[PDB]
Every structure is written in C-alpha cells, then in structure tokens.
Amino acid sequence: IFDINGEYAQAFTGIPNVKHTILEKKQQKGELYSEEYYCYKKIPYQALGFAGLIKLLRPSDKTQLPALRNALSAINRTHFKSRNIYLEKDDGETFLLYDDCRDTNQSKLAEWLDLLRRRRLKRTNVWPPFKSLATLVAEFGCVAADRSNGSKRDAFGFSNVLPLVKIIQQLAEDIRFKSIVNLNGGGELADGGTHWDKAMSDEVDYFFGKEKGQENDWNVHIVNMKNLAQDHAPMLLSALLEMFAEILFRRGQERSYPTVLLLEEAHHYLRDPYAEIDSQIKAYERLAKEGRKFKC
Amino acid sequence: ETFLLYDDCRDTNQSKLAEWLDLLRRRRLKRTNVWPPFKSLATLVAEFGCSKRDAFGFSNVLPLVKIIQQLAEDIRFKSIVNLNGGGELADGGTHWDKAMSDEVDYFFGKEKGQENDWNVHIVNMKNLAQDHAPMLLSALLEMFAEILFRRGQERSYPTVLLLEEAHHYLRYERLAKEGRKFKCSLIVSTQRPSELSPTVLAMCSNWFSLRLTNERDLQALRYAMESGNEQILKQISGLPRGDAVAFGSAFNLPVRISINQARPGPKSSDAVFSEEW
Amino acid sequence: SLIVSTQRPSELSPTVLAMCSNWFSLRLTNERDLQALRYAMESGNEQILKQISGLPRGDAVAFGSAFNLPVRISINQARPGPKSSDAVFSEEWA
C-alpha cells in the first residue's frame, strides 16, 4: 500500500505478521500490536536517476545540454579534491596551484578525454559530495582554449550561465527537502569488476524484494508521511515508477513475484498540472502495460 | 587530407572547415562501403548547426538532438532496433531499393516465380512496447505498400493477412485502398470499434459482431452499413458467448450462427494463484 | 450534359443532385442515403419507395419529367457487357 495522507494507521491495529514503516529489530507472535512502534527510512539524492536528474536540471538554454551531459558523464574518471583544482600528471611530478581561477596546463583536456574513452584510467571509489556536481557544472563552459600558443577569455558565456548556476545552486540550498536525506554513508563494495550489477542489485533486493525460492523478512511495505511538498512530492512519487518499470522489464519471465498495489489519490500526483514534460506519461503507461504481463 | 568530426562542439581549424562543408555540399568526397551508426546523423546535425559565430543560431536545434540523446540509450527501444551498422554497401545510387527489397522479400513472402520454404509466417511480439509499436508497424505497412506498387499485378501472388487487436496499429492509409488493386486481403479483429478508422470500416464487405454493449460502439457501426438490415441490431446487446451475427455477401439472409470449437485451442495462459504456492 | 454514377448519395455535393431532372434508384439499405434521396423526392409517391429498400437484383424505379408515370422497370442484359473481372483466388491456388 502506497499511502499519501496519514489516516489509515488508526484502524490497522492488531494484525499478525505485518511489517510496518513510516516514511533491524523484528517482533513476532506473543506480543501485542500497538502504536508508537514506528521506523524511519531515508532516500539519497543519487536514487533519483540519470533521467530524473536531467529532468530536474531542465536544460532549455542554448548549449547547456552538452555541458550537463559531459559533466554527468565525467564522474567515474575525474580527479578532484575538496579545494585543490589541479591536473594530475602522468609522469609523477606535481605543480601545485591555488584557489584562484587561472588558466594553467588545461590543454590536456583532449588527452584526458581520449584516455577516459580508452578506459585505462584510475577510477574513483568514494561517495561523491553533492557540491562536486555543481563544481563540475561550473567548471565546463567558462574556459575556451585557443588553437595554438594563446588563450581567450569570454564573459558572455559566464553571463549566460549565471542564471544557470543560480537556478541550480539556490534551489539546492533549501531546508524543506533537507530533512529527508541521510548522509551517514559507510556502505560496502563488492569486487570482481561487475560492480555495476551490484549498484542496482542492492536496492532491487532490499527495497523491492527477492525472487522465488529465497527468503525475505518483510511481507507488507507501508509508505506514509505527513510532510507534503506542493511542487516536489509528485515528482518524487512518480520518480519511483520509472525505476520500478525498469526493474520489472529487466526481471523477465524467469523471475516475477506477485504484487498488489494500493496507490491512492492518483490525480494529485499521477498527472502534475504545472509540468509540461510528458516523460512520466509513458512511464506509468509502460508500468500499466507491465502489470498485465505478470502477476501485478 | 584527414579530418575528424568531434562530439563536444569542438572548434578546431575553422578556416579550412568552410572548404570541407562546401565539398560535402557538392559531394566531392570518397564513397563509404560500410553503414555508419544511427548517431552519425546526430553528429552531422551538430556540425551543421553552425568571421564570427553566434550561439543564438545554434540554439535552435537543441530539441531534436536532446530527444535523440535521451531516446537512443533506452534498453526498451534498443531491444528492438539493430544499431550495429557497418553493413556492406553496393556501388551506385540504388542502395535504398536493395535494403528495402531484402527485408520485404524475407518478411512478407517472395516475388512470383520463386519457390518458398514456408507457407505460414507466425510472428510473436509480446514484449514490444506499445509506445513505439504503432509508428514502426505503420512504417512497415506503408513500406510494404510502396514496394507492392512497383510490383504490379503481373508479378504478384495472392496474400492473406490476419491482424488481432488491429485498432492499436491500424492508424500510412493506402494499403487498404490498394489491396483490391494489388491482390491483397485483410481481417480486422478488435474490441473497441469506435477507435477504428472511419474509412477502413466502410470498405469492409462482411461483418461479424459478437456481444457489444457500449452505445458509442454500436452508434458508429450503425453509421457504416452497406448491405445489412435493421432487424438484427436488437440481438447484439444480448449475444451469448460463442454466438455471432453475420450479414454480407455470403448469406441470403442474416444468420445467427453458433461457432464450432477448433481443437487445439490457442495459447490461453491463466495465472493460477494457488498452484504457485 | 452529365451522368452521375455513385453509391453514396451523402458523398455527393447537395446542389448537383437537385439539378438532375430525372432520377433512378436501385436497392439501398443505408437509411442515411435513403433520407438524403427523400430530401429530393417527388411528393405523393410512397408505395414505390418501399420497393427501393427491397428492390431485388437488377430492378430500377423510374420517376421524373421524361416518363408518363413511375414504373418498376426490369432492365435487360446487353451483350457484350463490361469487363466484370472479379478476380477469383481459387483458380490461382489450384
């Protein structure tokens, strides 16, 4: 059941074999079922998705699309520190700089692009801070390298991207959204080289469940909250539909578990009236189509 | 002299790019013997989006390139279209006809005079996404019609087509009209006739109607009759399962026929909720 | 002078059918076509109209300014006739 407003909790007291969640310790038969037995759950900012991040970035200004695409595409093979903007040398020597914005040895961007397309560069195994994406976005577009033995600085591009940088950083500087994200981190990494499979298997196993022949602890998954967002809640609720549709399609007929959903008040969030993009329409249309293929 | 096209709007040697684009316009290059990938068109569009240059002019081409870059990577669409490329190309200016003809000959039977290794061509498409299905199916149908136009009657053979749930993809429209001329036949099966094309229904010469309840479905079907009567429309609303009402050019009077059962039955898979436990 | 041959009176331009001094009508079961014809039908003639909905093969109703009075005509076959192709799929599937 995918609740929206917190009123069904009143009448559902005293039901055996129920897993309860609101927005490790497991109890069982022999203990009464009552209130004030709630848990918490947090969603990170990486789970929104590549298409979701693109939609929230809403690139509709000149040549910002290639910059955003390459900024999002240049995260696994980028060397960056907290406050040290320098270019890693292949030979080994280090020429340190300062925080000042000055053009130095940046002509090797072509070499870095060729090397990262070759897929023989050192990778990054840390959890990227949110401000890293903003730094990468701000970095591209400003510098325009010359053809040979020269440089050119243009303030027109900086003026054009000033609305871009303000709209991307001011909205990210918010407090209403900040109360539902957890930064504890400290997960674990699996070796073998197929870690990309793990990066999706973890959530499809924990949040969605296992396949037949295996054992999962929770059998019902209630989602309910009191805090509501006027312009952000429907997107986040619809954000879960695209990932679920992708998971259901990839599962195939080999693995498929029956699921009964009870989404409520669809017209509030299924079709948002202040948005023009029709991407979500195909998303829930495909989800509805997939509801027929298997037991859903 | 060697030149390469870039990806991230790279500006390199713009003085000699003008002669490159002029030669490309006048076609003074070397022919390629392989099929480029589908993103080659996107790269060409980026190159052609374009002394000093103004970003205002280049800003006009963002929607198509962003749509292409947001649609190509999807597994659902990539599961259907083959983007391997690199196919062998013949020398000349009739490459399109060969590529069309190969697929048409393989999929929709062969030309008159050539023996075939089959007589029934069953096609299973249950995983195809209906968001992209109608355009592909309509394109295939119109390509078949365009190929059939050149064939003529003297080089054609009788063909029969069966289409279940045809209202989804029947929505480009010349196949039905030219079917009589090019010796073709069709069978339309559907469940909501209100969505059927207004012209396609009138062309049909025989009618089989089962239990149909909605007024709008029987409001338009009333409007598109040519050889029926008004004395059987009442029994439509209460037709039992397995009973049909027929009127056309095969019966002197309309007949209430109970259809015989054909063995074996079709693949009707039932999701049992108690066996799986 | 013009001769109009058609099967859908509702698909004709409404101002050209009324200009025709004479008329003909073979079997027509669609009510919307019969109503369109009756919109330009001579008054006082109703019994022959009931045959129009049920005229058998090759029967015509003649009413106009070139006939003494309406009559149900049995048209006679002319030899040779039209092409009458009507391609048959059994003969090529033997």
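For residues that are among the charged types (D, E, K, R) and surrounded by 10 or more Cβ atoms within 10 Å (Cβ to Cβ), scanning just the range C:2-45, find the one that is nearest to B:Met203 (Cα to Cα). Across the range C:2-45, the extreme among qualifying residues is C:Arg8.
In this structure, B:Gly85 does not qualify as away from chain A (no Cβ under 14 Å), assigned to a loop (DSSP other than H, G, I, E, B), in contact with a strand residue (DSSP E or B) (Cβ under 9 Å, 6 or more places away or on another chain) and surrounded by 11 or more Cβ atoms within 10 Å (Cβ to Cβ).
Mind listing whichever residues of the range B:12-53 are in contact with a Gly (Cβ under 7 Å, 6 or more places away or on another chain) and within 18 Å of B:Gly93 (Cβ to Cβ)?
Taking the range B:12-53 and keeping what is in contact with a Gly (Cβ under 7 Å, 6 or more places away or on another chain), we get B:34-37, B:50.
Across the range B:12-53, the qualifying residues are B:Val34, B:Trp35, B:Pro36.
Just so you know, in the range B:7-31 the residues that are assigned to a helix (DSSP H, G or I) and among the acidic types (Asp, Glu) include one that is nearest to the other protein chains (Cβ to nearest Cβ), and it is B:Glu19. Report yes if some residue within the range B:234-246 is assigned to a loop (DSSP other than H, G, I, E, B) and closer than 30 Å to B:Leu148 by Cβ; otherwise report no. Checked against the condition, which is being assigned to a loop (DSSP other than H, G, I, E, B) and closer than 30 Å to B:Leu148 by Cβ, the range B:234-246 yields no hits at all.
Considering only the range C:6-56, state which residues are within 14 Å of chain B (Cβ to nearest Cβ), assigned to a loop (DSSP other than H, G, I, E, B), of a type in the set (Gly, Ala, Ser) and in contact with a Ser or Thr (Cβ under 7 Å, 6 or more places away or on another chain). Hit for the range C:6-56 is C:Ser53, nothing else.
To keep it simple, each residue is scored yes or no on (1) closer than 26 Å to A:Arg117 by Cα; (2) of a type in the set (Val, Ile, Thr); (3) assigned to a loop (DSSP other than H, G, I, E, B).
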{"site": "A:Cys39", "(1), (2), (3)": "no, no, yes"}
{"site": "A:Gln46", "(1), (2), (3)": "yes, no, yes"}
{"site": "A:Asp61", "(1), (2), (3)": "no, no, yes"}
{"site": "A:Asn70", "(1), (2), (3)": "yes, no, no"}
{"site": "A:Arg77", "(1), (2), (3)": "yes, no, yes"}
{"site": "A:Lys81", "(1), (2), (3)": "yes, no, yes"}
{"site": "A:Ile85", "(1), (2), (3)": "yes, yes, yes"}
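Would you please name the residue that is surrounded by the most Cβ atoms within 10 Å (Cβ to Cβ), looking only at residues in the range B:159-209 that are within 14 Å of another protein chain (Cβ to nearest Cβ) and among the small types (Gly, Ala, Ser)? By that ranking, first place goes to B:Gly179.
Being more than 9 Å from chain A (Cβ to nearest Cβ) and either among the aliphatic types (A, V, I, L, M) or surrounded by 12 or more Cβ atoms within 10 Å (Cβ to Cβ) (or both) is the filter here, so list the residues in the range B:53-73 that pass it. Once the filter is applied, which keeps residues that are more than 9 Å from chain A (Cβ to nearest Cβ) and either among the aliphatic types (A, V, I, L, M) or surrounded by 12 or more Cβ atoms within 10 Å (Cβ to Cβ) (or both), the range B:53-73 yields B:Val61, B:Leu64, B:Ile67, B:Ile68, B:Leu71, B:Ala72.
Considering (1) hydrophobic (A, V, I, L, M, F, W, C); (2) loosely packed, with under 10 Cβ neighbours inside 10 Å; (3) under 29 Å from A:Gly291 (Cβ atoms), the lone condition that B:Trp96 does not fulfil carries the number (3). Applying the criterion of being among the aliphatic types (A, V, I, L, M) and either farther than 26 Å from C:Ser25 by Cβ or within 14 Å of another protein chain (Cβ to nearest Cβ) (or both) to the residues of the range C:72-94, the residue that is surrounded by the fewest Cβ atoms within 10 Å (Cβ to Cβ) is C:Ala94.
Checking the structure you have, find out if any residue of the range B:220-237 is touching an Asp or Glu at 6+ places or on another chain (Cβ under 9 Å), over 27 Å from B:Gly179 (Cβ atoms) and of a type in the set (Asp, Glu). Yes; the residues of the range B:220-237 include at least one that is touching an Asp or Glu at 6+ places or on another chain (Cβ under 9 Å), over 27 Å from B:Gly179 (Cβ atoms) and of a type in the set (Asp, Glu).
Bear in mind that the values in this text are calculations on the coordinates, not laboratory data. Please note: Cβ atoms are built from the backbone with ideal geometry, for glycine as well, and neighbour counts cover all protein chains shown.
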